[PDB]
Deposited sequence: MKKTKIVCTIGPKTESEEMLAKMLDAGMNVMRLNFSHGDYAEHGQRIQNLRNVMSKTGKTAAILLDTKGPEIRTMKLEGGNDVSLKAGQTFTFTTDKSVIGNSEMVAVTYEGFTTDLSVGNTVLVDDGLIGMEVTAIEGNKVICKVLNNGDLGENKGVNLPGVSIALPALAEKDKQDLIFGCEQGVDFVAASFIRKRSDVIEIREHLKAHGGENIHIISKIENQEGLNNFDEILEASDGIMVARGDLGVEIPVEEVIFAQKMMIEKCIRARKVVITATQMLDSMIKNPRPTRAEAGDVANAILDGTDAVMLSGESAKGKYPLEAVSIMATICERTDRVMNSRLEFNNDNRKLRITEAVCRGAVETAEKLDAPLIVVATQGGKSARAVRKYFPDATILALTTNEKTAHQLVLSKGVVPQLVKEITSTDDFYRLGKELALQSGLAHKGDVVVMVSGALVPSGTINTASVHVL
């Protein structure tokens, strides 16, 4: 079966226990809650429904909370009517939130709009529909030249390519949503619009103050500043979400593919999970089959080395959610099938790399790893083993979180008290899992006489 993991955004058409059970059957591994919409009762019910399905079926899934994040948006227009902007005309943005807009001026929600912009910068409105060039800044106004014809509606997103925007790391709504995440015991938080290390630290401190210190932070990289600061963002985060659609509006289009490839590569080296998201199978919101191009896009992200792929509207509100998951899983299995190990100085990396190499040389279908916080399992996954990884842990949070790592099957166990006990138990559970059978070789990895989080032992057993 596939190794790549599937994140599904859950919404009205997929929130019932019946639908969720069918989603898991088709290959869903992680439920994404998009807090751009819905209230707390709605999201809490979805969590309840999934956990009901999990306990009834004994299947394991993880829950990811995806924040709305801070934004720059235009505001209202006279009579609520769209206005037609003409290439070459003058157009003005104002930070005065009380102003109602027309064909010459509109208000924006961000007070720092005048401060952060410079003459010559580009202002993009409505997912890049309309481009403008700043010609002057005076008082609370940014005067611009419209670069292309377009119709401006109300409440449209604004992008400032290449600008360092002094928006807070968290909207006030985001802060309450994170408390809800701690209350609900979510496994991951995907933090929107991460631009710098200090953004991640604030989210870390906020989660810690509400008992969520074990919740993993997935930073969403969406603009050039986040790209420039990627190394420090990754270091402070537990993982990364590559938001291709936002990057497509924020950086030169020919760069987006290499931003994805390099971010995936760096996450792999850092033993941190990476999700490829947005613009995956969007056409399946309306159609029962994806496009050739969409299928290729998904497969190339897997070949790039992503841990997981994500469905958005096509699983949350679209008309063919089950078809989308199913064809996603089919693409995953077809692509995982043809990938090879990557066997390219620390004790943990020496032992994990050697264990994968030993497994391949002995045709081992399974690597068994003892792990407390999941690091051990991710250190083996780094080398793209042909073998499946059976991760044994006493930590429920770790067991849920490892559901997102490529090719990892987590298993919650009663604590193992010695290295020999780990070999005895792992052999039994290897057989019980159906992932290996009598006579198969399995490689077992653990830490002996060391603090948690260090791997220093590799062991080969016949079942």
Review point. So which bits of the deposited chain never got modelled?
Key: 345-351
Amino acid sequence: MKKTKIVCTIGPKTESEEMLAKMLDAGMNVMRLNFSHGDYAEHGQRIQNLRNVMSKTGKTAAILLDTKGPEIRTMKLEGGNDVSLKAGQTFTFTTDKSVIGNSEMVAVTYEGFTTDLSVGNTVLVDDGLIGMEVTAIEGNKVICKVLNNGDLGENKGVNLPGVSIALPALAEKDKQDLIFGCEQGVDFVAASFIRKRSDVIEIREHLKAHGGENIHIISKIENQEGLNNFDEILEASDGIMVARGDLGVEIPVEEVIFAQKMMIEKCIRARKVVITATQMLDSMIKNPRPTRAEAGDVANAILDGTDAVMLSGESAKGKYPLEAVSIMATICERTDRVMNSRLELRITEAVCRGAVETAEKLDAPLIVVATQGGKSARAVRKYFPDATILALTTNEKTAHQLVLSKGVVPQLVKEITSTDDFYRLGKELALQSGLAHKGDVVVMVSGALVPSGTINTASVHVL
From here on, numbers count along this sequence of modelled residues.
Practice item. Would you mind comparing 440-448 and 11-19 for me and telling me which has the higher average C-alpha temperature factor in the entry? Key: 11-19
Study note, to complete from the structure: Quick note on 96-104 and 119-127: per-entry mean CA temperature factor is higher in 96-104
Review point. Between 378, 86, 266, 244, which one tops the list for C-alpha B-factor in the PDB entry?
Key: 86
**Study point:** Of the residues 214, 315, 140, 279, the one carrying the largest Cα B-factor as recorded
**Key:** 140
Revision key, fill the gap. Residue 208: CA B-factor among chain residues, third -> middle
Practice item. Please rank the C-alpha B-factors of the chain's modelled residues and tell me whether residue 114 sits in the lowest, middle or highest third. Key: highest
**Study point:** residue 328 - Cα temperature factor, lowest/middle/highest third of chain
**Key:** middle
Revision key, fill the gap. On the chain's distribution of Cα B-factors, residue 49 falls within the third called middle
Revision key, fill the gap. By the entry's values, the third containing the CA B factor of residue 393 is the middle
